[PDB]
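Let's start with one chain on its own, the form deposited in one PDB entry, as structure tokens.
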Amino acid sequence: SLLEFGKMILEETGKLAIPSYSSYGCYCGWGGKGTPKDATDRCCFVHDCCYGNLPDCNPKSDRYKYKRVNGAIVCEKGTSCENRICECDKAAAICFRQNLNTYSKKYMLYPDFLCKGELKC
């Protein structure tokens, strides 16, 4: 659920999942459309797509458990939906960390009309 993902993001990047990553670019937020603005926005688009592959799962509210193996994010065994939601989130947290150097504040609270074009998952 959102509580596990937010804690995951804070641990990995040092930044609070709100506000940094809830209104960033074209895909860090709610839904999304258009062409991702930068590497961090692509992390969100890939994250959205990953959730997209789990139709009878509820990613935002279904809680899972994960542990740290010295820095590594190991998803704990849970229901089949929890395991898969955890892997989509771990991937996003790592992707955000991988692109911290290009994170740009000018993409925070990005207007909707500038999100143009199309990208299929």
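Numbers for residues come from their place in the sequence shown, where the first is 1.
Only in words, not in the display: the form solved in complex with a small molecule, which the text now covers.
Remark: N58 counts among the residues lining the small molecule in the deposited complex, judged by a heavy atom distance of 4.5 Å or less. When the small molecule is considered in the deposited complex, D48 lines it closely, a heavy atom lying within 4.5 Å. Contact between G71 and the small molecule in the deposited complex is not found at the 4.5 Å heavy atom cutoff.
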